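Below is one structure, written out as structure tokens; comments come after it.
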Amino acid sequence: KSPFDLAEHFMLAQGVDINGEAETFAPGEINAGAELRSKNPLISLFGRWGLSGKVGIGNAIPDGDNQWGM
RNA sequence: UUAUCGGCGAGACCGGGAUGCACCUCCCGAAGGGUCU
């Protein structure tokens with residue numbers, strides 16, 4: 001069985017702290033959670049609630065004027 | 001970039017019928033001939 005529980009699973013999947021147990025980083029300190037960032041590279045790349053994610057995924061913009069259809 | 005985070009998703013046959021065919025001559029004329037054991 002997967003070691004992750006509902007709380008950890010949702011933290012890693014969608015960054016919602018369901019159990020209310022998460023490191024409440026200071027609001028003004030930008031580089032907060034370096035320990036968490038190192039320990040959990042997933043929560044580092046994509047953020048959790050209260051920790052800015054590191055991965056910025058832009059939109060897929062078409063390169064033409066007629067490239068969509070019904 | 002006035003913060004921190006979030007796939008919108010899952011299922012579907014669009015198919016079922018039809019003859020396009022029915023009528024027309026393309027023909028009308030001509031010498032290719034003459035020079036060298």
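Just so we're on the same page: first chain in the structure tokens is A, next is B, and so on; residues restart at 1 for each chain, and ligands are numbered from 1 in the order they show up.
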
Interface rows for chain A against chain B: nearest pair, Å to one decimal, 10 Å, only C-alpha atoms (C1' of nucleotides), as CSV:
residue,atom,partner,partner_atom,distance
A:11,CA,B:5,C1',9.2
A:13,CA,B:6,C1',9.3
A:14,CA,B:6,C1',5.9
A:15,CA,B:5,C1',5.2
A:16,CA,B:5,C1',6.5
A:17,CA,B:5,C1',9.3
A:25,CA,B:4,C1',9.9
A:27,CA,B:4,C1',8.8
A:28,CA,B:3,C1',9.8
A:30,CA,B:4,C1',9.3
A:46,CA,B:5,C1',8.9
A:47,CA,B:5,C1',6.4
A:48,CA,B:5,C1',4.9
A:49,CA,B:5,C1',3.8
A:50,CA,B:4,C1',4.5
A:51,CA,B:4,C1',4.6
A:52,CA,B:4,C1',3.9
A:53,CA,B:4,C1',7.1

As number ranges by chain, list the residues of chain A assigned to alpha helix (DSSP H) by DSSP on the backbone atoms of this structure. A: 6-14, 34-39, 41-45

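Summary of the local environment: counting only C-alpha atoms (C1' of nucleotides), residues at most 7 Å from residue 12 in chain A, other than itself and those fewer than 3 positions away along its chain, are residues 8, 9, 15, 42 and 43 of chain A.
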
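Taking CA of residue 55 in chain A as the reference point, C1' of residue 8 in chain B is found at 21.3 Å.
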
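Reported to one decimal place, the separation of CA of residue 1 in chain A from CA of residue 20 in chain A is 23.9 Å.
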
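Separating CA of residue 35 in chain A from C1' of residue 7 in chain B is a distance of 28.4 Å.
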